[PDB]
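In structure tokens, one chain follows: the form deposited in one PDB entry.
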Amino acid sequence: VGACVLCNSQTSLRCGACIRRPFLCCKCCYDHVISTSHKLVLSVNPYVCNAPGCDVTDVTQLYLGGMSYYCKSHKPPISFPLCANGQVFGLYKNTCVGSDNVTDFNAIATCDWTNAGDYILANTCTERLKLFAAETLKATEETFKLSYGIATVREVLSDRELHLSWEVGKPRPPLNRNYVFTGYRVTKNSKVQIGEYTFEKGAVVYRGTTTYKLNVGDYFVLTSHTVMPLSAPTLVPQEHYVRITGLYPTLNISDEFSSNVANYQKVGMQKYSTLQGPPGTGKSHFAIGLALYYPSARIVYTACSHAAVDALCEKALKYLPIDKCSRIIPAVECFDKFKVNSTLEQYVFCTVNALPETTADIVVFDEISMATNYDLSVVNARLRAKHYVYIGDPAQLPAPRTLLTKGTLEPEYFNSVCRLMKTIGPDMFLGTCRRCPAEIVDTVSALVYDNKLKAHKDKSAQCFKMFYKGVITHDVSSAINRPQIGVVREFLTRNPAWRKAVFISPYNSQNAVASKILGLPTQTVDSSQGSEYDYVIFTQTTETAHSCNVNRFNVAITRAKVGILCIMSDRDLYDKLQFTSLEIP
């Protein structure tokens, strides 16, 4: 028994073909079964023929005869069809409203999440369907990880390097950081975990959560988890107040945080507020400063990633009493300077998926572009708060959508929060970039911030661009552009100061090649988000949708504090780079 996800209508029916088994009301369950391939229907029992060795599960082909269910062939003389009168049979048949269109719920229930339009709908549908879609999508995502073949240690060529043997008749996952494995050792009558791991082409290079002397017969699977059902909305109902509510501002504030006092007041005058913080505009400074501006307030700092929460902890360590901080960790190495798992501490730092059920004066959800509607709902379910602050930048990178291949995901579709920021705009904006030379700020201001991002620094005159397509090679799941690495090799011989530079590309394989040939440290654009470096050398590698995504490019070039060399494939983004052009040697 439960609630019709389309009506709320009290019901005893869940669609059994739907991977999430949503409750559907006689009306909505019917309109669902007759307009899709979904025909299995679950109640207190499953609407299946209880005849001995009959394979009828279609509810349109079944009858209640006795207190048991039968097809045409097996039914008793006295029976009524389970599925008639524009309704499917079960409890609470008299209380049932239906819907004018069930189109959206069908699309969500039946889509394979490979098309952009699938994620668009999960984001523009009604709120109750945003939760359904969010569960359905995450469950699909975690089942797609089982489709992957087991990798097994066939030889241990060295340390940090392995030879893998791969399960037959199953695909192998891409070997980049976005796929995190879990090793296992071959025991008497079972298997025990041996840390999480990642891999990159060699043989294969492996960067594991722990060190070991791992040996042959050890194997690896992408660990998938149970997806719990969602209750809370992605956003609580907005409220605007006429005075700061449930928060007492400080009388004395430092000139370090004085620029955010207007914004901290806004935070107190609405139920939830959105802060767009471009690169190096001071998001974590903002988040910690709120604590000092409302000193007596209980604040739960949350984000999807351990890294994001840890970065909030690092900043907190610099400004807030340590004795008033706690880091929530469930029973990966993260921040270990606060007392661990003290829920009742004034300042709680904690990933979304580890949150305790608790209340608070403020909740700060950081790096909001990475969040999914699943994470949004979870926060609202675990944390009942006077005020919610969502800090991030919808011009930066979303969570990877492992299933998505057809279409690009626009920032207004990353989650309910980025939707608000891209349609009504953000409640608050950090409009001065402190990190980047002005040439990079001028470029991303035009490119993604509507000319509202200002440069703190001057021009470095150390921002260069080269238009060089070179030669693209493709391996199993990545791209390589050796001639673009060649151009950088040659650039470094003539400009050896740049040997302090980080190498960034949109592809892990390009990175692997560049590390051998250049020996710069390397990052994927995606791994670089939230880091800065004095000098960045960036090879676009290809002119794909991946390598031209304006959000990725934005993250790539705003990593630089002083200078950047962009070797570009795409004439479009090259022409948008407000950098010094260089000819090809």
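Sequential numbering from 1, following the sequence displayed.
- In every other compared PDB entry of this protein that covers both flanking sides, residue 285 is modelled, so it falls short of the one-third threshold for missing coordinates.
- Residue-level annotation: residue 461 has coordinates in all of the other entries compared, counting only those that model residues on either side of it, so it never reaches the one-third mark.
- Coordinates are lacking for 1 to 3 deposited residues between residue 331 and residue 332.
- Coordinates are given for every residue of the deposited sequence from residue 229 through residue 230, so that no gap is recorded there.
- Once the C-alpha B-factors are averaged per stretch, 169 to 177 and 394 to 402 rank with 169 to 177 first.
- On average the C-alpha atoms of 152 to 160 have higher B-factors than those of the other stretch, with 152 to 160 and 288 to 296 being the two compared.
- Per the PDB record, 209 has a higher Cα B-factor than any other of 209, 351, 481, 478.
- Ranking 200, 239, 442, 412 by the C-alpha B-factor listed in the PDB entry places 200 at the top.
- Placement of the Cα temperature factor of residue 495 within the chain: middle third of the modelled residues, per the deposited record.
- The PDB entry assigns residue 366 a C-alpha temperature factor belonging to the lowest third of its chain's modelled residues.
- In the PDB entry, residue 145 places in the highest third of its chain by CA B-factor.
- The entry lists a Cα temperature factor for residue 24 that places it in the highest third of the chain's modelled residues.
- Among the modelled residues of the chain, residue 74 sits in the highest third by CA temperature factor in this PDB entry.
From this point on, the text means the form deposited in another entry, which you will not see here.
- In the motion between the shown form and the other one, where one rigid part swings relative to another, the hinge among 379, 429, 103, 403 is 103.
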